[PDB]
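Quick look at final_4.txt (compact mmCIF, C-alpha atoms):
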```txt
# COMPACT_ATOMS: atom_id res chain seq x y z
CA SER L 1 -7.19 -14.73 -25.28
CA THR L 2 -9.17 -14.09 -22.11
CA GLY L 3 -10.28 -15.90 -18.99
CA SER L 4 -13.09 -15.40 -16.49
CA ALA L 5 -13.51 -17.27 -13.18
CA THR L 6 -15.85 -16.89 -10.24
CA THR L 7 -14.28 -16.33 -6.83
CA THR L 8 -16.21 -17.38 -3.71
CA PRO L 9 -15.84 -16.40 -0.03
CA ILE L 10 -14.58 -19.25 2.17
CA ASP L 11 -16.88 -18.40 5.08
CA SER L 12 -19.61 -16.04 6.29
CA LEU L 13 -17.13 -13.23 7.07
CA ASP L 14 -15.39 -13.09 3.69
CA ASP L 15 -12.11 -14.04 5.42
CA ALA L 16 -10.69 -15.05 2.02
CA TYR L 17 -11.89 -16.00 -1.46
CA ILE L 18 -11.24 -19.17 -3.46
CA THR L 19 -11.14 -19.58 -7.21
CA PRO L 20 -11.07 -22.94 -9.07
CA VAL L 21 -7.88 -23.58 -11.03
CA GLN L 22 -7.19 -26.49 -13.36
CA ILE L 23 -3.69 -27.97 -13.05
CA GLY L 24 -2.21 -30.76 -15.15
CA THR L 25 -3.38 -33.29 -17.69
CA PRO L 26 -6.00 -34.61 -17.11
CA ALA L 27 -7.08 -31.53 -15.15
CA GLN L 28 -6.85 -31.56 -11.36
CA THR L 29 -9.04 -28.77 -10.03
CA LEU L 30 -7.84 -27.03 -6.87
CA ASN L 31 -9.39 -24.05 -5.10
CA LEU L 32 -6.73 -21.37 -4.78
CA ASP L 33 -6.53 -18.05 -2.96
CA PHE L 34 -5.68 -15.41 -5.58
CA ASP L 35 -3.23 -13.06 -3.86
CA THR L 36 -2.20 -9.77 -5.46
CA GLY L 37 0.23 -9.32 -2.54
CA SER L 38 2.51 -12.29 -3.36
CA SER L 39 4.03 -13.96 -6.39
CA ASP L 40 4.13 -17.74 -5.84
CA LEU L 41 1.61 -20.29 -7.12
CA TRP L 42 1.87 -23.06 -4.56
CA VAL L 43 -0.35 -26.03 -3.81
CA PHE L 44 -1.02 -28.76 -1.29
CA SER L 45 0.26 -31.90 -2.97
CA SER L 46 1.08 -35.58 -2.79
CA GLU L 47 4.44 -34.43 -1.37
CA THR L 48 2.96 -32.46 1.52
CA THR L 49 3.82 -33.93 4.92
CA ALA L 50 0.80 -36.12 5.61
CA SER L 51 0.23 -34.84 9.15
CA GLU L 52 -0.02 -31.30 7.72
CA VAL L 53 -2.90 -32.13 5.34
CA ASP L 54 -6.48 -31.91 6.72
CA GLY L 55 -9.25 -31.81 4.13
CA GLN L 56 -7.48 -30.00 1.30
CA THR L 57 -7.55 -31.20 -2.29
CA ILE L 58 -4.02 -32.10 -3.36
CA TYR L 59 -2.11 -31.88 -6.62
CA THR L 60 -0.46 -35.17 -7.60
CA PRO L 61 2.16 -34.42 -10.27
CA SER L 62 2.80 -38.12 -11.00
CA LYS L 63 -0.77 -38.31 -12.39
CA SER L 64 -0.20 -35.41 -14.80
CA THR L 65 1.25 -36.20 -18.24
CA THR L 66 2.41 -32.59 -18.59
CA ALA L 67 4.09 -32.14 -15.17
CA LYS L 68 7.84 -31.58 -15.23
CA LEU L 69 10.12 -31.44 -12.19
CA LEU L 70 12.30 -28.33 -12.13
CA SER L 71 15.56 -30.03 -11.20
CA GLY L 72 17.03 -28.89 -7.90
CA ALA L 73 14.64 -25.98 -7.49
CA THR L 74 13.15 -25.11 -4.13
CA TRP L 75 10.84 -22.45 -2.72
CA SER L 76 10.05 -21.05 0.72
CA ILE L 77 7.68 -18.24 1.65
CA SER L 78 6.64 -16.38 4.80
CA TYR L 79 3.54 -14.21 4.75
CA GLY L 80 2.65 -11.08 6.72
CA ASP L 81 0.39 -13.05 9.06
CA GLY L 82 3.28 -15.30 10.11
CA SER L 83 2.17 -18.31 8.07
CA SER L 84 4.60 -20.13 5.81
CA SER L 85 5.14 -23.00 3.39
CA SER L 86 7.97 -24.50 1.35
CA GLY L 87 8.82 -27.28 -1.09
CA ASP L 88 10.00 -28.17 -4.58
CA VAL L 89 8.89 -27.03 -8.02
CA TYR L 90 7.10 -28.42 -11.05
CA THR L 91 5.97 -26.82 -14.24
CA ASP L 92 2.58 -27.83 -15.61
CA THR L 93 -0.38 -26.57 -17.60
CA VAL L 94 -2.55 -24.22 -15.56
CA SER L 95 -5.96 -22.90 -16.63
CA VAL L 96 -8.11 -20.23 -14.98
CA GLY L 97 -11.59 -19.60 -16.30
CA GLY L 98 -10.71 -20.83 -19.79
CA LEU L 99 -7.31 -19.13 -20.02
CA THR L 100 -4.42 -21.59 -20.32
CA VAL L 101 -0.72 -21.13 -19.53
CA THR L 102 1.64 -23.95 -20.46
CA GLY L 103 4.84 -24.38 -18.45
CA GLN L 104 3.58 -22.50 -15.39
CA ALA L 105 5.67 -22.99 -12.25
CA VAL L 106 3.55 -24.91 -9.76
CA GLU L 107 5.26 -24.95 -6.40
CA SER L 108 4.55 -28.18 -4.54
CA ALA L 109 4.43 -27.88 -0.74
CA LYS L 110 6.48 -30.32 1.29
CA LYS L 111 5.70 -28.34 4.48
CA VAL L 112 2.94 -25.88 5.44
CA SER L 113 2.34 -24.03 8.71
CA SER L 114 -0.61 -24.73 11.00
CA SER L 115 -2.82 -21.92 9.69
CA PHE L 116 -2.78 -23.54 6.24
CA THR L 117 -3.44 -27.04 7.59
CA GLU L 118 -6.31 -25.72 9.69
CA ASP L 119 -8.04 -24.15 6.68
CA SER L 120 -9.62 -27.01 4.76
CA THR L 121 -11.09 -24.70 2.10
CA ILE L 122 -7.84 -23.32 0.67
CA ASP L 123 -5.78 -25.72 -1.48
CA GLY L 124 -2.99 -23.19 -2.14
CA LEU L 125 -2.24 -19.70 -3.37
CA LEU L 126 -1.97 -18.10 -6.79
CA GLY L 127 0.22 -15.02 -6.60
CA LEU L 128 -0.55 -11.98 -8.74
CA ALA L 129 2.01 -9.44 -7.50
CA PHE L 130 5.15 -8.77 -9.53
CA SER L 131 7.38 -11.71 -10.40
CA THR L 132 10.34 -10.02 -8.63
CA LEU L 133 8.83 -11.33 -5.36
CA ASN L 134 8.75 -14.97 -6.47
CA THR L 135 10.68 -17.18 -4.03
CA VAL L 136 11.88 -20.01 -6.31
CA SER L 137 15.62 -20.69 -6.05
CA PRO L 138 18.07 -20.75 -7.75
CA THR L 139 16.06 -19.13 -10.55
CA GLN L 140 12.96 -17.05 -9.87
CA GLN L 141 9.81 -18.04 -11.75
CA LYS L 142 7.03 -15.98 -13.36
CA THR L 143 3.48 -15.53 -12.09
CA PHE L 144 0.47 -16.87 -13.97
CA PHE L 145 -0.36 -13.32 -15.09
CA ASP L 146 3.18 -12.57 -16.26
CA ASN L 147 3.17 -15.80 -18.30
CA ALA L 148 -0.28 -15.12 -19.78
CA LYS L 149 0.27 -11.42 -20.54
CA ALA L 150 1.56 -11.51 -24.08
CA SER L 151 -1.32 -13.76 -25.14
CA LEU L 152 -4.06 -11.71 -23.50
CA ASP L 153 -6.25 -9.40 -25.58
CA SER L 154 -5.20 -6.61 -23.17
CA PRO L 155 -2.44 -6.95 -20.53
CA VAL L 156 -4.80 -6.67 -17.57
CA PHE L 157 -6.70 -8.57 -14.93
CA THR L 158 -9.61 -7.38 -12.84
CA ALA L 159 -10.81 -8.15 -9.34
CA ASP L 160 -14.52 -7.82 -8.56
CA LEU L 161 -14.88 -9.26 -5.06
CA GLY L 162 -18.31 -9.73 -3.52
CA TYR L 163 -19.62 -8.73 -0.11
CA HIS L 164 -20.93 -11.97 1.42
CA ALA L 165 -21.32 -13.19 -2.18
CA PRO L 166 -19.30 -14.55 -5.10
CA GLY L 167 -17.42 -12.28 -7.47
CA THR L 168 -15.15 -12.49 -10.50
CA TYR L 169 -11.52 -12.46 -11.63
CA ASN L 170 -11.19 -11.63 -15.33
CA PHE L 171 -8.03 -11.85 -17.41
CA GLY L 172 -7.39 -9.93 -20.61
CA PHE L 173 -10.49 -7.70 -20.77
CA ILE L 174 -12.53 -5.09 -18.86
CA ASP L 175 -16.20 -5.98 -18.38
CA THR L 176 -17.81 -2.58 -18.86
CA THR L 177 -21.08 -3.90 -17.40
CA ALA L 178 -19.51 -4.71 -14.02
CA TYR L 179 -19.20 -1.18 -12.61
CA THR L 180 -21.03 2.14 -12.39
CA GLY L 181 -19.65 5.41 -13.68
CA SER L 182 -16.06 5.54 -14.90
CA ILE L 183 -12.83 3.81 -13.93
CA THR L 184 -10.24 6.19 -12.49
CA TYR L 185 -6.64 5.12 -13.05
CA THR L 186 -3.75 5.89 -10.74
CA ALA L 187 0.03 5.38 -10.80
CA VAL L 188 1.74 2.23 -9.52
CA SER L 189 5.21 1.79 -8.07
CA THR L 190 6.70 -1.68 -8.56
CA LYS L 191 9.81 -0.86 -6.47
CA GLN L 192 8.76 -3.22 -3.64
CA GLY L 193 7.16 -5.81 -5.95
CA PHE L 194 3.57 -4.88 -5.03
CA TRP L 195 0.66 -3.12 -6.70
CA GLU L 196 1.62 -0.03 -4.69
CA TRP L 197 -0.22 3.23 -5.18
CA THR L 198 -1.10 6.44 -3.37
CA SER L 199 -4.66 7.13 -2.23
CA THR L 200 -5.58 10.82 -2.19
CA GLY L 201 -7.36 10.77 1.17
CA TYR L 202 -10.31 9.56 3.21
CA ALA L 203 -13.63 10.34 4.83
CA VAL L 204 -15.43 8.83 7.81
CA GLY L 205 -19.17 8.39 7.32
CA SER L 206 -20.75 11.63 6.11
CA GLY L 207 -17.69 13.67 7.11
CA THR L 208 -15.90 15.96 4.71
CA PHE L 209 -13.17 14.20 2.78
CA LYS L 210 -9.64 14.89 4.01
CA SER L 211 -7.09 15.28 1.24
CA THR L 212 -3.89 13.51 2.28
CA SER L 213 -1.53 11.03 0.61
CA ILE L 214 -1.72 7.42 1.77
CA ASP L 215 0.74 5.00 0.14
CA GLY L 216 -0.40 1.39 0.23
CA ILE L 217 -0.82 -1.86 -1.66
CA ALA L 218 -3.84 -3.42 -3.38
CA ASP L 219 -3.84 -6.87 -1.77
CA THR L 220 -6.59 -9.41 -2.44
CA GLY L 221 -4.87 -11.89 -0.11
CA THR L 222 -5.34 -9.72 3.00
CA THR L 223 -8.78 -9.72 4.66
CA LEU L 224 -8.86 -6.29 6.30
CA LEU L 225 -8.05 -2.63 5.56
CA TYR L 226 -4.84 -1.55 7.33
CA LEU L 227 -4.19 2.19 7.43
CA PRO L 228 -2.16 4.69 9.45
CA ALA L 229 -3.05 4.99 13.16
CA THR L 230 -4.26 8.59 12.71
CA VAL L 231 -6.81 7.54 10.07
CA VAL L 232 -7.97 4.47 11.98
CA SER L 233 -8.38 6.40 15.23
CA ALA L 234 -10.52 9.02 13.43
CA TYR L 235 -12.74 6.23 12.10
CA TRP L 236 -13.32 4.38 15.37
CA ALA L 237 -13.85 7.64 17.29
CA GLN L 238 -17.18 7.84 15.42
CA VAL L 239 -18.36 4.50 16.82
CA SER L 240 -19.87 4.56 20.29
CA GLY L 241 -18.08 2.14 22.59
CA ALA L 242 -15.28 1.31 20.17
CA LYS L 243 -11.82 0.81 21.61
CA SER L 244 -8.46 -0.64 20.72
CA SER L 245 -7.87 -3.88 22.62
CA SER L 246 -4.32 -5.17 22.97
CA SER L 247 -5.70 -8.48 24.28
CA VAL L 248 -7.92 -8.99 21.22
CA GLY L 249 -5.39 -7.56 18.76
CA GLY L 250 -7.13 -4.45 17.43
CA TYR L 251 -10.22 -2.28 17.46
CA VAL L 252 -13.42 -3.86 18.74
CA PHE L 253 -16.90 -2.37 19.06
CA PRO L 254 -20.33 -3.31 20.40
CA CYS L 255 -22.00 -5.70 17.98
CA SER L 256 -25.17 -3.54 18.22
CA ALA L 257 -23.39 -0.50 16.74
CA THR L 258 -24.33 1.03 13.40
CA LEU L 259 -20.96 1.45 11.67
CA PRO L 260 -20.24 4.49 9.54
CA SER L 261 -18.98 4.09 6.00
CA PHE L 262 -15.34 4.74 5.10
CA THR L 263 -14.31 6.50 1.89
CA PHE L 264 -10.92 6.37 0.21
CA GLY L 265 -9.68 8.56 -2.62
CA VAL L 266 -8.46 7.43 -6.02
CA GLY L 267 -7.32 10.61 -7.73
CA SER L 268 -10.34 12.91 -7.73
CA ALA L 269 -12.65 9.91 -7.47
CA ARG L 270 -13.98 8.25 -4.35
CA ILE L 271 -14.72 4.65 -3.27
CA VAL L 272 -17.23 4.26 -0.44
CA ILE L 273 -16.98 1.21 1.81
CA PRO L 274 -20.36 0.63 3.47
CA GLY L 275 -20.31 0.35 7.25
CA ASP L 276 -21.54 -3.26 7.14
CA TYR L 277 -18.37 -4.28 5.27
CA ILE L 278 -16.36 -3.21 8.34
CA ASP L 279 -18.14 -5.66 10.71
CA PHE L 280 -16.16 -8.90 11.27
CA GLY L 281 -18.47 -10.30 13.88
CA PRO L 282 -18.11 -11.45 17.45
CA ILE L 283 -14.59 -11.66 18.80
CA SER L 284 -15.46 -15.14 20.10
CA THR L 285 -18.65 -17.16 19.83
CA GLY L 286 -21.47 -15.62 21.86
CA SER L 287 -19.67 -12.34 22.59
CA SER L 288 -21.43 -9.00 22.29
CA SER L 289 -18.09 -7.43 21.29
CA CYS L 290 -17.24 -7.44 17.57
CA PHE L 291 -13.98 -7.15 15.63
CA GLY L 292 -13.41 -4.20 13.31
CA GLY L 293 -12.47 -4.44 9.66
CA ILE L 294 -10.33 -1.28 9.62
CA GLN L 295 -7.16 -1.68 11.70
CA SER L 296 -3.87 0.13 12.18
CA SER L 297 -0.94 -0.66 9.89
CA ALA L 298 1.54 0.59 12.50
CA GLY L 299 4.18 -2.07 12.79
CA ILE L 300 3.27 -3.78 9.51
CA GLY L 301 5.50 -1.30 7.72
CA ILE L 302 3.04 -0.78 4.86
CA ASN L 303 -0.61 0.24 4.43
CA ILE L 304 -2.77 -2.51 2.93
CA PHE L 305 -5.94 -2.05 0.90
CA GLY L 306 -7.19 -5.56 1.54
CA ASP L 307 -10.51 -7.22 0.77
CA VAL L 308 -12.57 -4.84 2.95
CA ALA L 309 -11.55 -2.00 0.61
CA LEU L 310 -11.24 -3.89 -2.65
CA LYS L 311 -14.68 -5.54 -2.46
CA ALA L 312 -16.26 -2.07 -2.51
CA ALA L 313 -14.78 -1.54 -6.00
CA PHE L 314 -14.19 -2.95 -9.44
CA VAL L 315 -10.39 -3.00 -9.61
CA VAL L 316 -8.19 -3.08 -12.71
CA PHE L 317 -4.66 -4.39 -12.41
CA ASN L 318 -3.09 -2.97 -15.57
CA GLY L 319 0.11 -4.81 -16.44
CA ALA L 320 1.10 -2.59 -19.35
CA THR L 321 4.75 -1.59 -19.70
CA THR L 322 4.03 1.11 -17.16
CA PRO L 323 1.58 -0.56 -14.76
CA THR L 324 -1.41 1.29 -13.27
CA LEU L 325 -4.43 0.54 -11.06
CA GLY L 326 -7.99 1.44 -11.89
CA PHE L 327 -10.90 1.71 -9.46
CA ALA L 328 -14.62 2.10 -10.16
CA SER L 329 -17.66 2.04 -7.93
CA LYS L 330 -20.14 -0.77 -8.56
```
Let me see whether you can do it: turn the structure in this file into structure tokens.
Amino acid sequence: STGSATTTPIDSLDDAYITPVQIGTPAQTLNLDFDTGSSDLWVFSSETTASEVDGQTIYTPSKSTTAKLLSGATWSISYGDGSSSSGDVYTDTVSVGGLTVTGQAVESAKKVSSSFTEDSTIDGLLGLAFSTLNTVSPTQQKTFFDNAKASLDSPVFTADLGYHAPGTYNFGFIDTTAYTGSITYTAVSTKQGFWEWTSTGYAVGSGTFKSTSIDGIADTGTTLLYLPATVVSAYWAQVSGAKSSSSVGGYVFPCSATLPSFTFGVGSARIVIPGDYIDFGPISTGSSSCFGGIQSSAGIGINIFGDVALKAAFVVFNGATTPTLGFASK
């Protein structure tokens, strides 16, 4: 089997992307944030504290003939940005782009933090990291991809995120028309539960590529590119007027600047992020100072190849017995 679903930016900055997912019988369609950096599929629901719901579409398990309560099970997650949610657990039929998994754990939120409430466009998350990170207790549950794998034509999914435009998540096949040149594959460590790999280096604008190992994670659920302070400083040093602002929370630059591109290495291959992808707009409405899309990972504890990086590539998440990542230009 295969599936194919369009993913759409939630706003004009590509802060996140939403993908329609059918849950239950008859189908209830919710718009979920596909997150290769976490491993829980959780939704706003009829059980979510009413005061914490503001515009989201909810899942109502009592209206689904295929919903089953997982007796006694609970879940609770905290994300890198400080947001959180928690609740109880159902299993139900879940379909993405024509691909159906029966008995998928659907984690129903009883509580969500303010950042979730405040974002009317995101109805929940669909985790695509390794199932070892799943937070269901007492027994951990499998991700949608893990459950689908054995049925897929090939044990893979691909992320093809758009810049200020829709893109595609495919399951079970590689669309050879969706990229230019060849896909270069690179090793993955699952030791921390992430799609963790080692980039072979970087370049700033037209500068000569620096060969150096950068361990990080491929994370569709993180907006920006977070890299070591040395790398980030070298980038912003090429932008007139750029500075790191503790008050704002990172590097800012004059909105009139022409940003250089940023290149990262995948083996001997190279992915070029255009300068425009690094512009996240005014720091506040009407400001002439803009927020940068490449920021330091110091104090996160891990480097993160988030949407800024991933949207410059066609990315293969290969869930074979020994997982790998593939990157192509597009």
In Å, rounded to a single decimal, give me how far CA of residue 328 in chain L is from CA of residue 271 in chain L.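 A separation of 7.3 Å between them.
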Kindly compute an axis-aligned box around the listed atoms of range 74-86 of chain L, allowing 3 Å on each side, and express its centre and edge lengths in Å to one decimal as lines of an AutoDock Vina configuration file.
```
center_x = 6.8
center_y = -18.1
center_z = 3.0
size_x = 18.8
size_y = 20.0
size_z = 20.2
```
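Residues with any atom within 9 Å of the point (2.9, -5.2, -16.1), counting only C-alpha atoms, are residues 130, 145, 146, 149, 155, 156, 317, 318, 319, 320, 321, 322, 323 and 324 of chain L.
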Separation of CA of residue 74 in chain L from CA of residue 52 in chain L in Å: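 CA of residue 52 in chain L sits 18.8 Å away from CA of residue 74 in chain L.
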Excluding range 220-237 of chain L and any residue of its chain fewer than 5 positions from it, enumerate the residues within 8 Å of it, using all atoms listed in the file, and give them as a VMD selection string. chain L and resid 14 to 16 33 to 37 202 204 242 to 243 251 262 293 to 298 303 to 310
Neighbouring residues of residue 288 in chain L were defined as those with any atom within 10 Å, considering only C-alpha atoms; residues of the same chain fewer than 4 positions away were excluded. Please report them as a list in words. residues 253, 254, 255, 256, 281, 282, 283 and 284 of chain L
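Between CA of residue 71 in chain L and CA of residue 38 in chain L the interatomic distance comes to 23.4 Å.
Between residue 144 in chain L and the candidates L:327, L:179, L:79, L:42, the tightest atom-to-atom separation, counting only C-alpha atoms, involves L:42.
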Which residue is closest to residue 132 in chain L? Choose from L:194, L:291, L:17, L:209 and count all atoms listed in the file.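 When distances to residue 132 in chain L are compared using all atoms listed in the file, the smallest one comes from L:194.
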For residue 176 in chain L, which of L:27, L:77, L:239, L:315 is the closest residue, counting only C-alpha atoms?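 Selected residue with least distance to residue 176 in chain L: L:315.
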Could you check the closest approach to residue 138 in chain L for each of L:89, L:165, L:94, L:203 and tell me which residue wins, using only C-alpha atoms?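 Checking each candidate against residue 138 in chain L, we get L:89 as the closest.
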Between L:246, L:240, L:180, L:29, single out the one closest to residue 96 in chain L, counting only C-alpha atoms. L:29
Rank nothing, just name the residue among L:135, L:22, L:46, L:112 nearest to residue 92 in chain L, using only C-alpha atoms. L:22
Tell me, as a ChimeraX atom specification, which residues lie within 6 Å of residue 316 in chain L, counting only C-alpha atoms; anything in the same chain fewer than 4 positions away does not count. /L:158,325-326
Distance query residue 111 in chain L at most 8 Å, all atoms listed in the file, self and fewer than 6 positions along chain excluded, as a ChimeraX atom specification: /L:48-49,52,85-87
Any idea what's packed within 12 Å of residue 118 in chain L, counting all atoms listed in the file, ignoring anything in its chain fewer than 5 positions away? Could you give it as a PDB file with C-alpha atoms, in the frame of the given file?
```
ATOM      1  CA  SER L  51       0.230 -34.840   9.150  1.00  0.00           C
ATOM      2  CA  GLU L  52      -0.020 -31.300   7.720  1.00  0.00           C
ATOM      3  CA  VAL L  53      -2.900 -32.130   5.340  1.00  0.00           C
ATOM      4  CA  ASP L  54      -6.480 -31.910   6.720  1.00  0.00           C
ATOM      5  CA  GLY L  55      -9.250 -31.810   4.130  1.00  0.00           C
ATOM      6  CA  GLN L  56      -7.480 -30.000   1.300  1.00  0.00           C
ATOM      7  CA  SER L  83       2.170 -18.310   8.070  1.00  0.00           C
ATOM      8  CA  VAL L 112       2.940 -25.880   5.440  1.00  0.00           C
ATOM      9  CA  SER L 113       2.340 -24.030   8.710  1.00  0.00           C
ATOM     10  CA  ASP L 123      -5.780 -25.720  -1.480  1.00  0.00           C
TER      11      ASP L 123
END
```
